[PDB]
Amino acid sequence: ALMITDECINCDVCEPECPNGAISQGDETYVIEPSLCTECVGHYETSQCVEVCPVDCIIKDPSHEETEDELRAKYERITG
């Protein structure tokens, strides 16, 4: 899973880009819901939210280290 850090400028651009609806508006920043973030494995070759973030604040979430296989597996439980 990835996480949006405190440097988020609340620009709204990454929200609509997530295939799993993992990103939502927070009180201070946008937040990714880790159970929904597959790091875009299964849909795209790269993270879509990272691709559009204007200030490079989405990074790997150290408390949710998943392999290409667990992301794949997550992609599979979220979609079919």
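Note that residue numbering begins at 1 and tracks the sequence as displayed.
When the two stretches 66-74 and 14-22 are set side by side, the higher mean Cα temperature factor goes to 66-74.
Higher mean CA temperature factor, per the PDB entry, when comparing 55-63 with 5-13: 5-13. When all modelled residues of the chain are sorted by CA temperature factor, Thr29 is found within the highest third. Per-chain ranking of the deposited C-alpha B factor places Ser35 in the lowest third. In this PDB entry, the Cα temperature factor of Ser47 sits in the middle third of its chain's modelled residues.
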